[PDB]
Amino acid sequence: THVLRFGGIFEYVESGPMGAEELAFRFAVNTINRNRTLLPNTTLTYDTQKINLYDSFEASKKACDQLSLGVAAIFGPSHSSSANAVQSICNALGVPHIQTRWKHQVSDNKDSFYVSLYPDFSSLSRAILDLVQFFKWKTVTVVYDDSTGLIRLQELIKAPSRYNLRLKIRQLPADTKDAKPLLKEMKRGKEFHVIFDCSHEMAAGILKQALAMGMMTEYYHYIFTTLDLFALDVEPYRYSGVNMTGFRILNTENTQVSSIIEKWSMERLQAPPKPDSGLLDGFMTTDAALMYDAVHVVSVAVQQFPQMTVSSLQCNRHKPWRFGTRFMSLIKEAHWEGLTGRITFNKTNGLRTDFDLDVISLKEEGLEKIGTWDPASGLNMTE
Amino acid sequence: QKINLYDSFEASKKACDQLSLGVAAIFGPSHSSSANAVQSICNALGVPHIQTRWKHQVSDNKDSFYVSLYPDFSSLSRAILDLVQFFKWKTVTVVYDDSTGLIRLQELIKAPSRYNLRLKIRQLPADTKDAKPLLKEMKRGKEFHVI
């Protein structure tokens, strides 16, 4: 019957195996094909290209090749520089660029052929601050990894002039093994209330150092910026009495979503897990649930545009895709219940600014839900 | 070659044209996204890319065919802090324009845990004409010392 091709560009270091993102992409396409409610008369196909991390030149070439083969959208690469380059190309040839990861939005940048499935920083920033205020903290130490961490917490950093929060800002070193000296200063400083802004792999690492340092006890409360908090091996810490609170956008309470995350673990967990990681093996991370959701949301849009077909476009020529403008518009209007909850983009900038978070905390039983957050309600804690 | 601001695609094309004419270096464009794209190209073809403006350095980025004549942020950050400490300020309000402002002052923002500076962080609005309400808060707040 009818057929439509998507492009995929996935970043990696060294060689195989496949990464979580490229895997979720493929997995979403195979699943949707078998669904008879979604794209009934339509069958999805794809080209996948692999590139080095941070080689925007290579990302450009591969994107141009794909636009030449003909594709209805490029689920372009993840990291800032390659992603900005594929986005500019996609904008010139009017093919939608689908992003899954946050990158810094420049105001005076006029690109309009992209949406981003990642929960925007502005909203996450607010939900961190909302949580802090609910715990009634007046003192807090924000610890971040790299520069862009600062930007994710700007709403929080600017609070000390409106509300009554004194706050200290510290930076992690490159390696978490180097983090004892920093933790010792916090300990002497009696900095019991701490927000860690950093990847979940950094967070697994910094917790081990915190245990070594006598800082996983009832005296300490840690808020985690990472959405992959639920991926942390928490077996070493749940008996200790520390408080760990963070957020989760992956909708694991829904039974339909749990069964999907499982089928994933079977084809994935089948491959390399690590012992000294401090992460659960075969948990579906957020980077990958978002890619899988992106392939669905875009498909909901394809259903509403049966006329559309792919064209072989050349980066040489300034001739855009006929159907681009209309397709991009359908994607931004789209609505979908996926692995990560309500998906809905912002009319204005195509950023995902409205979404639903579960709020999770460490109880002795493990990490469990204790409320919700959404930008219009603030917290809905269930005391 | 002249290009639009923020069109990294056009910057790529023009850089490729120039490498085709033949050039010993590209004094590539100023702004982050176009500059990163011309730098990646210059790195693949081993022609030096000469920059004049700061852009955020990613650690795990392996490009080596570029130098930047702009005074690095790390050093400027320190010199701001050095000056504040010479004026013996214990209170200071940092006012920044856009996100990347934060990064240029990180050395300063992390000082309140080592030295004795309490500090308040405020952001300007898009337009300075919109800035009276912000300045009124600083005035009521007795924020006399301001970066």
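Residues numbered from 1 in each chain as written, not as in the entry; some residues may be left out. Chains lettered and ligands numbered in written order. Part of a larger assembly, values for the part shown. Heavy atoms only, no water.

Method-wise, the PDB entry is recorded as coming from cryo-EM, at a reported resolution of 7.60 Å.

Looking at the PDB entry, one finds chain B named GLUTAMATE RECEPTOR IONOTROPIC, KAINATE 2 and attributed to Rattus norvegicus.

As recorded by the PDB entry, chain A carries the name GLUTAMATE RECEPTOR IONOTROPIC, KAINATE 2 and is attributed to Rattus norvegicus.

Looking now at the overall build of chain A. Summing up its helical and strand segments, chain A has 11 helices and 16 strands in all. The C-alpha radius of gyration of chain A comes to 22 Å, within 12% of the 21 Å expected for a compact globule of 383 residues. For chain A, the C-alpha atoms occupy an extent of roughly 65 × 45 × 40 Å along the three principal directions. Burial statistics for chain A: of 383 residues in total, 57% are counted as buried. Summarising the internal contacts of chain A: among those between residues at least 6 apart in sequence, 68% fall at separations of at least 24. Total accessible area on chain A is roughly 16500 Å²; 48% of this is exposed by carbon and sulfur atoms. Averaging the locations of the 41 positively and 42 negatively charged side chains of chain A gives two centres separated by 4 Å. (Helix = DSSP H or I, 4+ residues; strand = E, 2+ residues; numbered from the N terminus. Rg over C-alpha atoms; globule rule 2.2 N^0.38 Å. Buried < 20%, exposed > 50% of the residue type's maximum accessible area, 1.4 Å probe, protein only. Contact = heavy atoms within 4.5 Å. Areas by Shrake-Rupley, 256 points an atom, 1.4 Å probe, with all protein chains shown as cover. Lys, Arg positive; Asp, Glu negative; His and termini not counted. Charge placed at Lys NZ, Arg CZ, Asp CG, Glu CD.)

The secondary structure content of chain B amounts to 6 helices and 4 strands. Secondary structure elements of chain B, listed N to C terminal, follow the sequence α-α-β-β-α-β-α-α-β-α. For chain B, the spread of C-alpha atoms along the principal axes amounts to about 60 × 35 × 20 Å. The burial tally for chain B puts 39% of its 147 residues in the buried class. Long-range contacts, defined as pairs at least 24 residues apart, comprise 51% of the intrachain contacts of chain B with a sequence gap of at least 6. Carbon and sulfur atoms make up 55% of the accessible area of chain B, which totals about 8700 Å².

Once that is clear, we can look at the interface of chain B and chain A. Contacts between the two partners involve 30 residues from chain B, matched on the other side by 32 residues from chain A. Overall, the association of chain B and chain A removes approximately 2800 Å² of surface from exposure, summing both partners, and the carbon and sulfur fraction of that is 56%. It is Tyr6, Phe9 and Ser113 of chain B in chain B that bury the most area against chain A; as a group they hold 22% of the surface buried on that side. At the boundary of chain B with chain A, the tally comes to 14 residue pairs in polar contact. Listed by contribution, the elements that provide at least two residues to the side of chain B that touches chain A are helix 1 (8-21), helix 2 (32-44), helix 4 (99-104), helix 5 (106-109) and strand 4 (118-123) of chain B. (Buried area = accessible area lost by both parts, 1.4 Å probe. Polar contact = N/O pair within 3.5 Å; in protein donor to acceptor, adjacent residues only side chain to side chain.)

This part covers unusual backbone geometry. Residue and element names in this part refer to chain A. Cis geometry marks the peptide bond from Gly16 to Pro17; its omega dihedral reads 0°. Here the phi dihedral of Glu14 falls at roughly 60°; this positive angle occurs in a residue that is not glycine. Among the secondary structure elements, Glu14 is positioned in the loop between strand 1 (2-12) and helix 1 (20-34). On the accessibility criterion, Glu14 (74% relative accessible area) is exposed.

Glancing now at the packing of aromatic side chains. Residues and elements named next belong to chain A. Using the criterion set out here, one finds 24 aromatic pairs over all chains in the structure. Look at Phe25 and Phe75: their rings are 5.4 Å apart centre to centre, the planes differ by 55°, and that puts the pair in the tilted class. Highlighted residues: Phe25 in helix 1 and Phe75 in strand 3 (residues 74-75), separated in sequence by 50 residues. For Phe25, a relative accessible area of 0% translates into the label buried. An angle of 90° between the planes, with centres 5.6 Å apart, marks the rings of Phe305 and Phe323 as edge-to-face. (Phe/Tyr/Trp six-rings, centres within 6.5 Å; stacked < 30°, edge-to-face > 60°.)

All names here are of chain A. Between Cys64 and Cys315, where UniProt places a disulfide bridge, the two sulfur atoms sit 2.0 Å from each other, close enough for the bridge to exist in this structure. Of this pair, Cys64 sits in helix 2 (residues 56-69) while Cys315 is found in the loop between helix 10 (286-303) and helix 11 (324-333), placing the two residues 251 residues apart along the sequence. By relative accessible area, which is 12% here, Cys315 ends up buried. (Disulfide = S-S within 2.5 Å. UniProt positions renumbered as here; feature names shortened; annotations may be inferred.)

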